[PDB]
């Protein structure tokens, strides 16, 4: 049909500078002076939101930081100066022919100063213990950059089975990341060891961040 190629796929720009996203169609989507190319913004959990219609026109309510330009096959979305809330995925779409297609999308990551994760650990509650199972959870919140490693230690020995991690997208306000790790096990074997340690290796500290608690100790 009619293909839209977005470049780049990922974009990391510091707050206050400019983001330039590109979109090239396999055929011209401009006729008679109208360029049937449109731009959308998509934040996590939310539907796509219209930014620019007909290549260059700003939708009412969209701040003047956003602008679009181009013609024929080449179009560019410009964001300047990028704010924290601009962390999202941006799509182009054409209405020249049918079927309507979209670009592959471009996710914008927002650079900020490095931040240490806030770590909290929680034991399996007794309401779960009335079911023969026991999950220990570890939250790691508001850190930068994205990359982080976490590691569960049961009495010094490493647990690798029964662990489920979960990462968030970049927060729209502090431009940080968060991670949740749950270690699921049978109650019996939870009651056969004492120490439960949640340790994390992040770029913020030379020493891996360790936070633990002991089962027998109350």
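Positions refer to the first chain, counted from 1.
- Averaged over their C-alpha atoms, the temperature factors of 164-172 and 185-193 are higher for 185-193.
- Remark: stretch with higher mean C-alpha B factor among 153-161 and 51-59 is 153-161.
- Across the options 25, 12, 21, 200, the residue with the most elevated CA B-factor in the record is 200.
- Across 87, 116, 129, 77, the greatest Cα temperature factor reported in the deposited entry is at 129.
- Sort the modelled residues of the chain by CA B factor and residue 81 lands in the middle third.
- Ranked against the other modelled residues of its chain, the C-alpha B-factor of residue 143 as given in the entry falls in the middle third.
- When the modelled residues of the chain are ordered by their C-alpha B factor, residue 92 lands in the lowest third.
- Remark: residue 98 belongs to the lowest third of its chain, ranked by C-alpha B-factor as recorded.
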